[PDB]
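Mind having a look at this structure? Questions to follow.
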């Protein structure tokens, strides 16, 4: 009732993806960086998978942005790094993993602004 | 036949590179005085066996493993490479 | 290379190939295939037509939006030819007619119009010109058709020294006159034919456009196999399951195809000519309601 | 510094900083932020050759590659040379090195000068910021020699200012009294002050002696002058005296060098010869200009009818004197490896594709190698990076900064030659803000940088 | 461990048995498909296409993937036999209108940035 | 303020016109090129500057709810005039 | 609350909680979790092996008799080891109540067909197979129902591109409609709309 087969998962032959969109692609597994224009951090909570950028050219009519790859807008969301790595592996995609960047904790002291002898004393407020 | 450069790749903390570390620290300076014009590139590996590369004329390259070699062993390897004898 | 003419994309419908081609005689048999091949790779095609637009309607889906432009013209006015070939870097001459009319005989169609087109293209700065003549064209031919073809070839070479001359031999295809003319009869043993496939000729024209060193060369587009006319007609009738054009066309079909060993052919353009046996059923299935003919080589 | 490139419909829109605590925290320099305007002007989009009139004309990739390959096959050995610019990635560098090695040419040079005496580039710590950018926050005394950190490395100077403000860091400088946005001690200007400190007469030697985490920084601008070997030897003597007197605090790595261009460290790791002295000593008949726009070598320094190939992305001082122009890709148009002044390897990503017929640099070199019959083993980017790992394995560790310290060996090897110091004041190339905006081909083609230069030159 | 629920095949032998049955059925069907759809290809080239489509998946070592592929191929055969497809669906296996993409490095370098 | 390119084509208010060597001009052969004859920049340049004796005033484009969002413009600077960021109307204090 | 806020119904909430406890007690072999949402919707999470027993019990039991299968579909969550969750929506006319049953599966594990319990499931399972690639065992005739003949891939998977891989046009040379790789004249514009400054504190996750 159970096969108990030892082999890594591979579903490339079942997904219907063309041959040249499997071996030549390079997905990036990363936590997106915070938009430095804003202080919110709610967009740096999950892991993202994105594909490598391909050619975009100008349409001779309308000058619009034309593309020839179907994976230019495909972005996946994952809870953990391991989930993204497993999904990339079982789909036969070569991947690059970037470790999550966390802002290190810092020491803040409002009283350090009005310092008696240190350089941290502010000239205005 | 003319040797062009030598590259030594040793890992910083692995025990397989202990002999190469000792060789460098003790006598790389003397080897460099002996060959002031020969570039000996020392680089660091990671979770890889120590290796030595020799580049010859017209881009010919050969590599030898220095794993678990003592300082004397990698030394003798370098005189073998420099003199051209096998 | 005029950045707007720098190729982009992956050679598809919405790509850019850097080719701006003016195809004279694009409303005919070879013209539809030429325009289809030009438009499937994303090139700008100017289609000049003297005929009613309804008869050019079938060329519209052969290219992406804005890539096929239609303009009226006539062969007796140089201004129309000029305004059609101003912005093109490739000019293709496919104008021809197998019979004479009260307004155009063989001379205007095969000498005057090609010469005017070549002169106007030279004056307009067109980079490449491809002119189509016949394989059996020569000055001393009994038929005025081939004499006019030879004179027009000479005048095109004189006006446009870097023109590419292509000389096919009895093109066969779905809308091709040659397969159809023989099967619509519902002589021989002394005349020899070497027909060529339509797709082969269209791809040869496209590759000559692509080829950089095929500027002032002359090509002869012929098929793989060479047939006696009696056996060829017998094979045609066998494929069609059937029991076995005033004066010029009968003379042309009664004379044997020439051999031009020194003239480069389709093999030099990286094309393997397709045998008639593979496409004969495709062409002649509609004439209905296996023993290929013997060849001489 | 880590950045974010904003693109829309295949066009670069703006540059945003990307947070990295160890390198740039949250900030980028003004040049980094606003020089992307130069990526849309003076661009090389098609291959070019010389016609019968001696002018540059457009040609196909095949013709230009064949013309270069014929000259490459005609000459071999010392007659073939290459110069690498300030914006070249490790992939193109290793590709060019392999291609010229197949020709038996070792004259692979960079425009930036580093003293080759003693260890040279053999020991990696001899030309690195061994303390790292984050390590500045732990130092108590820092000495800057012959450099202007404010303009040469704005984020390094920002880190120094932060340490000065928060850790009460003591700063001293030898050179021109430039404004660094913090107070420092101007020990003087003459290079003999280095010898005085190393001997022990200067009080700053004792100040360094009392320091628990001393740090000495020498800029490559000070190495660009003819006294580079002597200046490096003096700074190494100071560091060795510090180590001998204060003892071994641990893995502190007092010795440091601050680099100014993004391609120098990777080229030195790959075995490129720093400086252009080899070209002057042995003029070539075929010269490769891989993005070299420094003007170090002109046609006056080359023999008659020398063949010059320029590969790059901008039309600048290096382009008009070339015989064949190969349009390359900028840093925003390729996935390329760069190694910073710390020795940390980082990779860019493709934001937009190169314009026109421009191609990836290593792809151009590999295609040229195939045309000449000297086909290179690699075919994809992964194989190029495998070759990089074969040559220098640290080039594939994409966030590692740790490395072995070989200060003793380099210091001992630096005592062989005894070149004398000249009596010329240390003057950094960037003296005021006006010299900071225009440094490279991308910056020189930027209208925003021109506006900044105009504003600082005359103000309203 | 790595115990999984079977679909049809417990091991590889019976999975290959189903593969061979599907191949037999397709091989038998090729001439009827060629005649009934009035295709311009020959029976030999249709069987060559069937063989090529079967060989594209020769690397699979998972019996579950193998029997899912067999299920998909049997659906394909059911579509072909019942004439639910038209001639375009059958001819889509041959890519006659697609210009060939060269494989060598130089051609890809010349055409564009696509590796 | 429609200008004419040296080729002969009208230059639109965005300033674009096909170059002499541009093949894309062929689309206008036997046809015409749509150019809007009313240039907004000139039309707003013809509007006289309003004189108001107030330090801060508001502009909503006229028509009340049929205009643009109401914004307040400071008129302390005498070197230049205050301009609405939505409508382009200019305002100025009565100097002297 | 105020007239802009949807009112709550505690009686229906209690009734649904009691019936969820009842069903969970009767079938402890398959039921893994029972939930009642704030808008009074009851969900029962079961093991995949219990699809037929649980559905048969819910259809045939005197106190349940959910005689109507409202909808059957799948949801794709790539981050889970079991990629797909199967959702059954049932309606009871006798007690005027609705219930939801969820299970899970991956690309290679078949799910037992429920056509013997509900005849309506025949086309729903075909649609699930067509759009997600989930195989249903012992189905009367499982085949594509929505996509074109010969279509490769399962479009409703998250990693399937929006515009697909191939596009159709008429070719005059071959006198038929052909398929070619997709090439957009204008690429679809991807919009980054998700804002920082998290909106709903009640759903905040532990920072792990």
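Order of writing sets the chain letters: A, B, C, D, E, F and G. Residues in each chain are counted from 1.
We adopt the following convention: a contact is a pair of C-beta atoms (placed from the backbone, for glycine too) under 8 Å apart; a residue touches a chain by one contact, two chains touch by 3 or more.
Under the contact definition, chain B and chain F share no contacting chain.
Remark: among chain pairs C-E and A-G, A-G carries the greater number of C-beta contacts. Chain A has the C-alpha centroid lying closest to the overall centroid of all protein C-alpha atoms shown. Distance from the chain E centre to the chain G centre is 30 Å, each centre being the mean of its Cα atoms.
The mean-CA centres of chain B and chain D are about 27 angstrom from one another, to the nearest whole unit. Averaging C-alpha coordinates per chain places the centre of chain C 55 Å away from that of chain F. The centroid of the Cα atoms in chain A and the matching centroid in chain E are 35 Å apart. For chain B, no residue reaches two or more other chains under the stated contact definition.
With touch defined as above, residues shared between interfaces to two or more other chains in chain A number as follows: 11, 14, 34-35, 54-61, 64-66, 68. Chain G has residues 108, 171, 173, 180-181, 183-185, 187 in contact with two or more other chains. Chain C meets chain A in the complex at residues 4, 8-10, 12, 14-16, 44, 64-67. The part of chain A that touches chain G in the complex is made up of residues 11, 14-18, 21, 34-35, 38-43, 45, 56, 59, 61-62, 64-68, 70-80, 83-84, 86-87, 91. Those residues of chain G that touch chain E in the shared complex are 108-110, 135, 137, 142-144, 148-150, 171, 173-174, 176-181. Listing the residues of chain C that touch chain E in their complex gives 7-11, 40-41, 278-279, 281-282, 285. Residues of chain F touching chain C in their complex: 21-27, 29-30.
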